[PDB]
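Starting off, we have a lone chain in the form solved without 4-methylbenzenesulfonamide, written out as structure tokens.
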């Protein structure tokens, strides 16, 4: 199966998922001088006040916090989007060292980690149908840099012990994703794909310009997770990120100048 190792890592994915070499793959490097400021871009509308988190699980490649998406509780609108997009889950990508971990890079700069909040277009009925459409998903990407602790991230950091190995899950209710948002909602946007197989090209990427800070102790906890399942030899879950892909015939737009 695919993974992030020498023998099953990103460079091998194309063999099982040919779309890996597609036209609108992610992530990409964001060249800030080439990004086009687009004054017609509306501001983002993040309505997470009624969000309902359910559980957190280690799926073998990252840990996901899942939300109840049976109704319009936590939605994303505005920006470059048409319609309402429902939050289904968020996960992170991180490195073994503080100088790597994010999937997107800004002017070649890599951040310690990246938080991806995944949303699906409600006009398609369910997540499964949405991934098969060019405008089915909207992923809000937030960079993490090591500095001071993010208070709102601790509840997530403290439960990691319970889901150390692949397949483990824990109840994770009453978690408010609003505590993970930076102060500014300025962003870059471009059409792309999922960064893990099946790598479907159904995503509208919205990358926030402003990163949030987390302490080294907080990121250290992420690094204690395992790719393997219980009773198998230990493989630390680190460097679960895909390298930047060529932009090809796409333009990255900026909501700010």
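Numbering follows the first chain given and starts at 1.
Chemist: Test of understanding: from the entry's C-alpha B-factors, which stretch has the higher mean, 30-38 or 205-213?
Modeler: Averaged over C-alpha atoms, the B-factors run higher in 30-38.
Chemist: On average, are the C-alpha B-factors higher in 130-138 or in 146-154?
Modeler: Mean CA B-factor is higher for 146-154.
Chemist: Hey, out of 193, 70, 64, 189, whose CA B-factor is highest in the deposited coordinates?
Modeler: Going by the entry's C-alpha B-factors, 70 comes out highest.
Chemist: Lowest, middle or highest third: which one holds residue 165 when the chain's residues are ordered by CA B-factor from the entry?
Modeler: Middle third, going by the recorded CA B-factors of the chain.
Chemist: Sort the modelled residues of this chain by their C-alpha B factor and say whether residue 243 lands in the lowest, middle or highest third.
Modeler: For residue 243, whose C-alpha B-factor we compare with every modelled residue in the chain, the answer is the lowest third.
Chemist: Check where residue 183 lands among this chain's C-alpha B-factors and tell me if it's the lowest, middle or highest third.
Modeler: For residue 183, the deposited C-alpha B-factor lands in the highest third.
Chemist: Going by the recorded CA B-factors, say which third of the chain residue 219 sits in, lowest, middle or highest.
Modeler: For residue 219, the deposited C-alpha B-factor lands in the highest third.
Chemist: Report the third (lowest, middle or highest) to which the CA temperature factor of residue 200 belongs, ranking only the modelled residues of the same chain.
Modeler: Residue 200: CA B-factor falls in the lowest third of its chain.
FYI, the form deposited with 4-methylbenzenesulfonamide bound isn't displayed, but the following is about it.
Chemist: How about residue 81: is it within 4.5 Å of 4-methylbenzenesulfonamide in the bound PDB entry, going by heavy atoms?
Modeler: Flag for residue 81 set to no.
Chemist: Counting only non-hydrogen atoms and a 4.5 angstroms cut-off, does residue 196 reach 4-methylbenzenesulfonamide in the bound PDB entry?
Modeler: Judged by the heavy-atom cut-off of 4.5 Å, residue 196 is in contact with 4-methylbenzenesulfonamide in the bound PDB entry.
Chemist: Counting only non-hydrogen atoms and a 4.5 angstroms cut-off, does residue 139 reach 4-methylbenzenesulfonamide in the bound PDB entry?
Modeler: Taking the distances in the bound PDB entry, the answer for residue 139 is yes, it comes within 4.5 Å of 4-methylbenzenesulfonamide.
Chemist: Check residue 15 for me: does it contact 4-methylbenzenesulfonamide in the bound PDB entry (non-hydrogen atoms, 4.5 angstroms)?
Modeler: Judged by the heavy-atom cut-off of 4.5 Å, residue 15 is in contact with 4-methylbenzenesulfonamide in the bound PDB entry.
Chemist: Let me know which residues along 80-100 have a heavy atom within 4.5 Å of 4-methylbenzenesulfonamide in the bound PDB entry, or say none if there are none.
Modeler: Residues within 4.5 Å: 89, 91, 93.
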